[PDB]
Protein chains: 6
Amino acid sequence: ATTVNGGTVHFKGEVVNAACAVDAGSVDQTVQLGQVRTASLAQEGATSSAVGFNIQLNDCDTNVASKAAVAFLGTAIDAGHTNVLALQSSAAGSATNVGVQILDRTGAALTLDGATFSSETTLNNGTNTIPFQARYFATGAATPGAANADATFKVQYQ
Amino acid sequence: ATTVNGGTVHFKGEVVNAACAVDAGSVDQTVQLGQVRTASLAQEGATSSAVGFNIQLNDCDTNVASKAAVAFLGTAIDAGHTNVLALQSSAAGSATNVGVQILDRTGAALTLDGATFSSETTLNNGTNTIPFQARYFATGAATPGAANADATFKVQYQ
Amino acid sequence: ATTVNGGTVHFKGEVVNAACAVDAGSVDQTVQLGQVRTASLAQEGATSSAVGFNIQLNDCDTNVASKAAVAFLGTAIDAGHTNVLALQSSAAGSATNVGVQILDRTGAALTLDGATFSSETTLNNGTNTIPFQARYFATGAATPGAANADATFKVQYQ
Amino acid sequence: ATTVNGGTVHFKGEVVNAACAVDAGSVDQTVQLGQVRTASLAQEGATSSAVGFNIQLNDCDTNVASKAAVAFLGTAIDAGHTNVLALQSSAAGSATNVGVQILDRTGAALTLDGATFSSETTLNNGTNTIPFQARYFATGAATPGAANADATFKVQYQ
Amino acid sequence: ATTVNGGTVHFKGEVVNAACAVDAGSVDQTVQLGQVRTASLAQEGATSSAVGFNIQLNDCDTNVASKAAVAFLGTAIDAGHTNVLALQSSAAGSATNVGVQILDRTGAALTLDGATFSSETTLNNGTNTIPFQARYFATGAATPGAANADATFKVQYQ
Amino acid sequence: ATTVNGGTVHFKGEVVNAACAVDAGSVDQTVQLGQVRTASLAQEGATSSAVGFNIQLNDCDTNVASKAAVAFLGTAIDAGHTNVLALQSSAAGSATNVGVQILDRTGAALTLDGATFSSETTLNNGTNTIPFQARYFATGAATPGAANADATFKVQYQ
């Protein structure tokens, strides 16, 4: 009877030629680091507590590839800290002298140039979950403010 | 009392003469399908795993209408595949020989002419959510690339 | 003294005109089914072991209504299997030729159209628990993969 | 090495002499109100349900100002309805006898002359968010159609 | 070997100059209130059962501050009901004549203006948990519909 | 069958001989920086917080090129600061003693002569995203006003 205009639906995805496929929940995910105190980030080299996040690989075929690694890409805080991600929320109110570090399963920070891959993880058939950690890294006396950062990752299958 | 120009706000919506009103989160929504492998789309008729998405109807009045169906409208991939969405990302980097299928609650792919409505769903008073699925449909050997599509829908009340 | 921006809280709920109200722990819930072997779903019509889940009704008034029934609404796997839920997780890595069946308190699989309600259960004043079961149903030789599914339910009072 | 013309980037922003700075997300935001039924706007004074939106203030310094208020500027629907936004999308297809009201944190509709400010909110150092609501206001029997509106705002720091 | 595009990760957090830091789970959290009957909200001042939620403070240093209090900020439902939240789901389908009240650990409803703080709770070193309650408050005869509300909070340390 | 003149459609594009093609969403993009306080740009060398923006590359073929770099072109603020974009919106209302800097993924401001390319990023097949940041740079005591700027970019595939 009564027909009414509704709305629109936008579909996002990607076709890849690879052993696995990144899960829909891992392609674009938000990691809540929570609040941190300036007293913790008092001087250069100070780190906060870590927050874990995962990249889940679906439909993995170990015949095609048995190892998977992840390289992250983003804007570094400066030239002397190539593994510290810079904060980019807005033009005002961001924290100063602090950035975000991404750790792979070996506990070491990853270079954010998109070429340095993480430690390879052996894959099984089906679902695979690559663990990662995120934490704040102080490049000096940290200043209060928002600390939001963004990075892209690419997966290597061997 | 320092007064400062702040910005601007744009309001979007629609007044409809219908038994239900589409929810604000369903009028415009993004469905993340995730990555898919070319090995799963190696020949015509090959489909992917489905991703669900809902259209929520608010303030439903069963005295006005008891059923609700949804018809989708979009660009078809071919003349013989009138139920497969074509991809619309950009002029480069898009996947080939693959499209998006919208499944109603019966599991059948809907025609995207804007006139073939879904299987009717009985409505209660108040909130109603109509389920749908999206999956990739291969029209041949799929090529790697971005797979983004979008469609509009209209709701019929009987 | 030192005041700091803390965060945000989101409140979700619903006001209904009904004899009972669904408990906050039953409006949305995750039912863990566990793993299942493909050897137990080797042909069409094969079913797995059942996992139980409950919908709790609070503040029931027997004067207003004495019996409660539940209907479930979700995407069906096929047109010949209108009582089998379709898997819904992501675009890659989900199991094929297998779905999820919801059983009412009589053991019969419920149709997922949202208009065929379960067996009516007599209610008492206050808390009421309506039992349900979920299991995997094979529409053929099932393949390995993720087996997630979602469905919404309606409550009818007489 | 192949050098190719890429494109253009446009940067928008504003320098202010104020205690706070409006966040980049609050400078130009779209508020999706969703659909509304005509039966909910059948006579003058009938309002719809509200949709919330925020204006975020960054880098707030309470030593400069401790309170913040917001005034909105837009085209009113009528002379006697100075707190109802007139709809403006195109020359055809718009709804009639209905507009948009902006409610401050006290729940009162704001006058849209750009001089009547909202209730002041105490500010803390750093990030501050000011809650607002939007709803449809009917000046008569609402007619179906598009219901888009636009309003600019300014922030007063005391 | 084979390298493919993955996805993107968004990190969200905040650096604060405070005695404690709000936990990652408390910065954003959804409180599920469940359903409520209209019969329990039949007149002004009628309240539903409370649902508990708590804000967790981490890395607390009792030398810096010994007590913490919370003030909530949201859109009030009326001028005479400053301690009752207003619903914000969509333009249609929301309940009328009912809001959300946030109760302190002393059982008193908090004023939603961001300046009236809760009762101070003495802090210990390490993890601290501030309990709160949420309930429905009726300003009249409540109407069936969705009841969703949003509130932001700030923490005071002294 | 009533036929009516409808309107006109303009198509903008470019054919390039390169390993990658710039995505339609990044050929002409608007970067909303937000607001900034004059107190944060009080003296020469003071910078604001950064805002991130990306240039997406499509249909990348690593057999043709494996590295990509971006150079930006625009009017500098003066001869001393060749890496600061001058502001341009109109004859009146622009901010004084402040410009816009573009940071590459290494966090270093780029020279705006159209020939100093950014740090090379390793490319994968298909979609590639090169990160960038924008921030305000004070050449003295900044004056309130509009702070819009425009720059073009070119991509070098080596």
Side-chain angles (χ1 to χ4, degrees), chain A residues 6-13 15 24, chain B residues 26 29-34 36 40-55 68-88 95-121 129-142 147-156, chain C residues 73-92 94-99 112-114 139-140 149-151:
Chain A
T8 185
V9 176
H10 303 271
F11 301 104
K12 300 294 179 285
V15 187
Chain B
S26 294
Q29 70 174 299
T30 298
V31 185
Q32 274 283 2
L33 304 170
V36 75
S40 307
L41 307 164
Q43 88 276 344
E44 201 274 325
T47 65
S48 287
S49 293
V51 173
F53 67 97
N54 308 296
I55 291 152
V70 164
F72 283 91
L73 172 60
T75 306
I77 194 172
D78 284 311
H81 282 115
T82 59
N83 52 4
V84 188
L85 258 177
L87 313 178
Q88 272 192 358
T96 81
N97 298 318
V98 62
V100 173
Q101 279 197 314
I102 296 154
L103 298 174
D104 69 307
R105 64 166 186 76
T106 58
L110 297 161
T111 309
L112 283 76
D113 55 354
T116 295
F117 281 93
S118 303
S119 52
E120 276 154 21
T121 306
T129 174
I130 313 172
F132 291 99
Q133 295 200 318
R135 77 190 170 183
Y136 284 129
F137 186 91
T139 66
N148 310 127
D150 57 357
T152 55
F153 63 90
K154 51 183 91 170
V155 189
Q156 181 174 266
Chain C
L73 174 52
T75 303
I77 186 161
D78 292 316
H81 294 96
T82 59
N83 54 2
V84 185
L85 261 184
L87 305 188
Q88 196 179 3
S89 191
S90 171
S94 80
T96 68
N97 290 309
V98 63
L112 297 166
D113 58 274
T139 60
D150 314 318

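For the numbers below, each heavy atom of this structure counts, side chains included, while hydrogens, waters and symmetry mates do not. Proteins come first, then strands; the chains are lettered A, B, ... in the order of their sequence lines, and each starts at number 1.
Atom CZ of B:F137 sits about 7.0 Å away from atom CG of B:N83, to the nearest 0.5 Å. Between C:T75 atom OG1 and C:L112 atom CG the span is 9.0 Å, to the nearest 0.5 Å. Remark: C:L85 CG to C:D150 CG distance equals 8.0 Å, nearest 0.5 Å. Rounding to the nearest 0.5 Å places OG1 of C:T139 at 5.5 Å from CG of C:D78. For the atom pair B:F72 CZ and B:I102 CD1, the distance stands at 5.0 Å (nearest 0.5 Å). B:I77 contributes atom CD1, which lies 10.0 Å from atom CD of B:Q101 (distance to the nearest 0.5 angstrom).
Between C:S90 and B:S49 the shortest heavy-atom distance is O-CB, 3.0 Å. Considering every non-hydrogen atom in both B:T106 and B:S119, the closest pair reads CG2-OG, 3.3 Å. Taking both residues in full, the closest heavy atoms of C:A91 and B:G34 are given as CB-O, 4.4 Å, listed atom of the first, atom of the second, then distance. When all heavy atoms of B:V155 and B:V70 are compared, the pair lying nearest together is CG2-CG2, 4.1 Å. The two atoms that bring C:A149 and C:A86 nearest to each other are CB-O, 3.7 Å, heavy atoms only. Annotation for B:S40 and B:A46: closest pair O-CB, 3.7 Å, computed over non-hydrogen atoms.
A side-chain donor-acceptor contact under 3.5 Å links A:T8 to the backbone of B:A151. Of the possible donor and acceptor atoms, none in the side chain of B:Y136 sits under 3.5 Å from a partner among the backbone N and O of B:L33. No donor-acceptor pair closer than 3.5 Å links the side chain of B:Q133 to the backbone N or O of B:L103.
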Margin query: For a side chain to side chain contact (heavy atoms under 4.5 Å, CB included) check, start with the C-alpha distance between B:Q29 and B:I55, then their side-chain angles and the critical distance, and finish with the verdict.
Written below: CA-CA 9 Å; B:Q29 70 174 299; B:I55 291 152; 4.3 Å; yes

Item checked: Steps toward side chain to side chain contact (heavy atoms under 4.5 Å, CB included) verdict (B:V98, B:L87) -> CA-CA 8 Å; B:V98 62; B:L87 313 178; 4.2 Å; yes

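Take C:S89 and apply the side chain to side chain donor-acceptor pair (under 3.5 Å) test, not counting sequence neighbours, and it matches C:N148. Listed by chain and number, the residues in a ring-ring contact (aromatic ring centres under 6.0 Å, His included) with B:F53 are A:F11, B:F132 (sequence neighbours excluded).
A 4.5 Å side-chain heavy-atom check between B:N54 and B:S26 finds every atom pair outside the cut-off.
Applying the salt bridge (charged side-chain N to carboxylate O under 4.0 Å, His left out) test to residues at least two apart or on different chains, none of the pairs has a partner in residues 100-119 of chain B.
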